[PDB]
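Below you'll find the structure, written out as structure tokens, and then a few comments.
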Amino acid sequence: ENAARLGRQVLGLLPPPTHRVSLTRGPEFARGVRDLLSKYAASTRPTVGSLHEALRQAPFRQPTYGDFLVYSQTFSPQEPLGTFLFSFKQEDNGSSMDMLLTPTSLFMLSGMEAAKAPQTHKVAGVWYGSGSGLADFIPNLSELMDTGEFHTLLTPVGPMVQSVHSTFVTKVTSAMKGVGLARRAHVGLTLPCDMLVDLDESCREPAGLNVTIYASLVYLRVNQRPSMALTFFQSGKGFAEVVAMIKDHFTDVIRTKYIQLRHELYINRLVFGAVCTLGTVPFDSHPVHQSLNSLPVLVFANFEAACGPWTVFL
Amino acid sequence: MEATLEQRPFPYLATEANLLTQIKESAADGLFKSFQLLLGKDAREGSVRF
Amino acid sequence: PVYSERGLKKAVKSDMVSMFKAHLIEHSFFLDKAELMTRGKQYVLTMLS
Amino acid sequence: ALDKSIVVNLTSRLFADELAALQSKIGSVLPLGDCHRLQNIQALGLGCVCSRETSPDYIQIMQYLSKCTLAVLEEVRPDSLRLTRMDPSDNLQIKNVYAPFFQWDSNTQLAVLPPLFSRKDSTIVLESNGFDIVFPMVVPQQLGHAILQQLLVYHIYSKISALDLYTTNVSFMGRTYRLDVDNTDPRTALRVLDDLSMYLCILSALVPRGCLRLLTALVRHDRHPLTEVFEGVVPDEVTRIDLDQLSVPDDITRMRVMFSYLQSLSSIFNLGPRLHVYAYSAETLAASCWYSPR
Amino acid sequence: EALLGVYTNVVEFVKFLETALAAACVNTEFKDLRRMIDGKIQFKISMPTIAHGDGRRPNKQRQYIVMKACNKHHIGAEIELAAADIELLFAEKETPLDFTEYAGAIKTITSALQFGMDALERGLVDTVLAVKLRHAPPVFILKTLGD
Amino acid sequence: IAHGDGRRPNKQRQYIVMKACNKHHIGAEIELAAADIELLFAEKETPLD
Amino acid sequence: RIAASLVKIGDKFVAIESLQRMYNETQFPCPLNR
């Protein structure tokens with residue numbers, strides 16, 4: 001009996017069969033074309049059964065999940081689901097490990113100032129008691145920021161789907177393409193309001209089909225030491241505008257950077273930033289403000305992930 | 001303990017009176033506390049879990 | 001609703017504050033104005049309805 | 001399958017003269033505003049950004065054009081315009097219509113450009129409705145970049161002067177064409193040039209010393225087919241950097257840092273979206289391209 | 001803590017053939033309007049004359065050819081339906097908690113399909129009233145032309 | 001309303017409104033005398049008692 | 001059976017509508033508020 005219940009569930013999720021109209025016989029052509037036209041006419045009327053038949057045509061592509069394996073002190077158990085994930089792959093470890101950097105954990109490596117980030121500085125300290133367990137695993141947090149090679153090592157991955165945290169080894173599953181299904185709900189990418197800088201706000205541009213989210217990683221000096229600052233942007237203005245709009249955002253940084261480079265010139269010092277292409281939110285799906293424990297976090301919906309190479313801007 | 005809003009699929013009743021006048025403005029400038037808009041993809045009865 | 005079909009922008013709110021003032025000067029104390037008005041008992045009735 | 005159609009309702013029955021001008025433009029790509037089915041005519045063409053009373057800004061029009069959704073015209077009625085639209089990856093049929101004719105083949109690229117050669121040829125007016133539909137032009141990338149080459153030359157030298165054979169004419173293979181840059185606003189075309197000036201005095205600050213010497217061993221000694229712009233006179237600045245010696249571990253960095261600022265110049269030499277053509281029929285002028293934005 | 005009441009609007013609309021606006025229009029509902037493209041009804045309208053005996057040329061009968069066309073109006077109502085909503089529409093159910101879950105998907109789809117069907121009866125009354133206002137010139141023009 | 005101009009048509013909307021009670025308290029006062037409560041109990045005395 | 005408030009204007013009978021109720025529910029501006 002219980003094996004027959006599964007026979008009704010598999011045979012109710014099958015794809016619809018393709019119509020086989022025989023073009024060689026006389027009456028068999030007439031009765032096969034008639035069942036195309038007795039069936040399109042019952043998929044056009046606004047009745048409920050016609051709408052009941054209309055969704056079995058499912059041309060869905062699928063998310064491709066990546067199973068990572070991180071140390072538990074470089075990745076908090078208190079991470080919001082939908083956090084963006086990077087991968088730092090400087091060398092070949094002796095064991096099969098990986099270093100995944102969330103944008104609140106990359107705030108502790110960078111050391112960018114809390115005047116820029118007032119709320120994600122209190123959060124990044126209460127999860128990371130010293131900030132040393134991150135910085136001990138990167139021996140070049142000064143030579144990768146001087147030469148400008150830190151953005152060449154990060155690969156963007158996608159939002160987080162599952163976090164099985166343990167004492168020493170944390171299993172992290174991401175969604176590298178498509179909309180990530182939880183492990184069942186659809187996990188949208190969650191960014192803090194502290195990092196995301198909109199470009200579509202203004203005082204009539206086209207309502208396009210799509211709007212993209214970029215990731216800028218910007219080299220700068222603080223305390224006369226090399227540091228950096230990672231911000232997120234969101235617009236659908238095409239690639240030529242946004243690179244010209246990000247240069248307007250960092251006008252105050254470049255003018256305070258080359259006061260020191262007017263003294264001395266190294267060719268390791270000229271490269272400044274890099275813009276990635278993370279993914280595409282659909283148009284006018286507004287993000288919903290949430291709070292954590294009070295952390296303003298924009299969670300999107302239907303965020304499918306992409307992957308762009310880091311292109312330099314200056 | 002303050003009383004809170006919940007989106008559980010209650011069996012709603014039918015009132016003779018209309019409610020629709022000045023609702024779109026009253027979301028913007030708050031006539032009343034503790035409301036929640038629901039747009040098209042999310043205006044349905046939620047799945048019951050307990 | 002005819003004043004706020006479009007929504008309460010900045011020019012509608014300013015256009016209603018001028019109407020709280022114009023209704024407060026003229027139509028206040030309406031039952032005390034019925035003596036001096038020659039029309040009288042029909043003014044109160046259109047006020048109170 | 002999924003639906004993609006954009007019908008445009010004409011609020012007044014258009015004339016018989018301007019109906020033949022639209023039906024000549026059948027199968028022509030034109031950018032519209034929003035991605036929904038019923039559309040107004042004032043959001044149909046490119047005429048919202050290319051006016052008559054104001055000076056058209058060809059960067060700003062082209063800057064506007066990679067924002068939009070693009071559609072392909074399919075049927076012109078006297079009461080309606082039906083348009084299919086362009087999904088970001090879908091095999092769709094397209095037709096070569098445009099009046100400065102250029103031959104296409106398979107495995108070519110295309111690019112959608114503002115009406116650069118003739119504004120009056122692209123704009124047809126609907127005086128029975130009060131709006132002018134401004135078609136763009138689709139041009140392969142070896143010519144499509146070449147107009148953005150010649151247009152950025154014009155806004156440099158005409159600001160130096162304030163002559164019409166070098167700064168304006170576009171040299172295609174065997175042909176020269178005149179650009180319509182008589183009454184233009186340059187205020188965003190100088191913004192791109194103000195962005196070149198940052199990259200160009202960075203690429204000059206890290207020139208590799210070995211490549212300067214390979215000119216001086218070739219501009220006066222032998223014949224190369226494309227060095228003939230340089231005559232036997234070397235530039236005066238090449239030898240005034242030649243004076244120091246060569247060094248490999250100081251030129252690996254001067255090539256790697258020079259490698260990254262050439263990737264950054266694809267934000268300043270952009271065309272619009274691309275049309276990957278995979279088939280073409282010259283008896284019908286009806287290609288079939290494969291759309292990809294950005 | 002209590003739950004003292006649970007209430008909800010029910011929307012009713014007087015359709016187009018029950019308003020008083022149909023006293024200004026004739027309503028002949030056609031089966032599939034997509035079959036005909038343009039209506040091009042031609043009329044032959046002939047005026048009468050008064051027979052005079054004055055010195056001018058005699059009165060000849062007159063015809064006027066008036067060419068009345070049909071203006072098409074198109075209306076669309078969009079409806080969003082969730083993916084988890086219809087995933088449990090197809091699903092097999094036997095426990096009593098999944099009958100009252102299936103009642104939440106048949107009362108969402110049929111309430112989102114009486115949404116789009118109500119919005120077309122509101123679209124009749126708008127697209128007749130928009131037609132009556134695009135052919136209504138004001139009093140100050142028409143009072144002296146009407147005389 | 002669904003109308004076919006150059007609009008972007010609105011999807012289905014939904015509002016949910018929460019209301020709550022308001023508690024109120026009322027006080028009162030009675031002062032009974034000492035001897036009133038005292039002589040409430042003894043009886044079978046003289047008819048003056 | 002149609003419900004309408006008829007008024008006599010000199011010699012003619014003319015119904016009087018007001019469609020503002022269907023525009024105040026859907027929150028669209030009424031087209032007679034020019």
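Set side by side, the residues E:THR127, E:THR108 differ, and just one is within 14 Å of chain B (Cβ to nearest Cβ) and polar (S, T, N, Q), which is E:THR108. When the residues of region E:82-96 are filtered to those that are within 14 Å of chain B (Cβ to nearest Cβ) and surrounded by fewer than 10 Cβ atoms within 10 Å (Cβ to Cβ), the one that is nearest to E:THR110 (Cα to Cα) is E:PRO96.
Going through (1) exposed (fewer than 12 other Cβ atoms within 10 Å of the Cβ); (2) in contact with a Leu (Cβ under 9 Å, 6 or more places away or on another chain) one by one, E:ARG134 falls short only on (2). Filtering region G:14-34 to residues that are more than 10 Å from chain E (Cβ to nearest Cβ), over 10 Å from the mean Cα position of the chain (by Cα) and not in a loop (DSSP other than H, G, I, E, B) leaves only G:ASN24. Considering region B:26-46, and only residues there that are in contact with a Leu (Cβ under 8 Å, 6 or more places away or on another chain) and assigned to a loop (DSSP other than H, G, I, E, B), the residue that is farthest from the other protein chains (Cβ to nearest Cβ) turns out to be B:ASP29. Of the residues making up region E:85-103, those that are part of a helix (DSSP H, G or I), out of contact with any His (no Cβ under 9 Å at 6 or more places or on another chain) and either more than 13 Å from B:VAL48 (Cα to Cα) or among the aliphatic types (A, V, I, L, M) (or both) are E:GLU87, E:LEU97, E:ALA103. Reported count of residues in region A:22-45, each being assigned to a loop (DSSP other than H, G, I, E, B), surrounded by 11 or more Cβ atoms within 10 Å (Cβ to Cβ) and more than 38 Å from the chain's Cα centre (by Cα), is 2.
Scanning region D:1-17 for residues that are within 14 Å of chain F (Cβ to nearest Cβ) and among the hydrophobic types (A, V, I, L, M, F, W, C), we see that the one that is surrounded by the fewest Cβ atoms within 10 Å (Cβ to Cβ) is D:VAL7. The set of residues in region B:13-25 that are within 25 Å of E:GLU78 (Cα to Cα) and either in contact with a strand residue (DSSP E or B) (Cβ under 8 Å, 6 or more places away or on another chain) or more than 7 Å from every other protein chain (Cβ to nearest Cβ) (or both) comprises B:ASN18, B:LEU19, B:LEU20, B:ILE23.
In summary, D:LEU163 fulfils each of the numbered conditions (1) in a loop (DSSP other than H, G, I, E, B); (2) touching a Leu at 6+ places or on another chain (Cβ under 8 Å) with the single exception of condition (2). When the test is whether a residue is surrounded by 12 or more Cβ atoms within 10 Å (Cβ to Cβ), part of a loop (DSSP other than H, G, I, E, B) and among the charged types (D, E, K, R), D:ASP185 passes it.
Quick one: would you say A:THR64 is of a type in the set (S, T, N, Q), out of contact with any helix residue (DSSP H, G or I) (no Cβ under 6 Å at 6 or more places or on another chain) and buried (at least 21 other Cβ atoms within 10 Å of the Cβ)? So A:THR64 does not fit the description; no.
Taking the criterion of being assigned to a loop (DSSP other than H, G, I, E, B) and of a type in the set (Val, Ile, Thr), the residues of region A:100-133 that qualify are A:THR102, A:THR104. Against the list (1) aliphatic (A, V, I, L, M); (2) farther than 30 Å from D:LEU92 by Cα; (3) not assigned by CATH to the domain that holds D:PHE259, the condition D:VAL112 fails is (2). A:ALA54 passes every criterion in (1) within 20 Å of the chain's Cα centre (by Cα); (2) at negative phi apart from (1).
Might you check whether a residue that is among the β-branched types (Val, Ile, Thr) and surrounded by 11 or more Cβ atoms within 10 Å (Cβ to Cβ) occurs anywhere in region E:59-81? For region E:59-81, residues among the β-branched types (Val, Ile, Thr) and surrounded by 11 or more Cβ atoms within 10 Å (Cβ to Cβ): present. Annotation: of all residues in region D:18-35 being of a type outside the set (A, V, I, L, M) and within 13 Å of D:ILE6 (Cα to Cα), the one that is farthest from the other protein chains (Cβ to nearest Cβ) is D:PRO31.
Methodologically, a virtual Cβ is constructed for each residue, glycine included, from the backbone with ideal geometry; neighbour enumeration extends over all protein chains shown. The values are calculated or read from the model by the stated rules, or taken from the named source; none is laboratory data.
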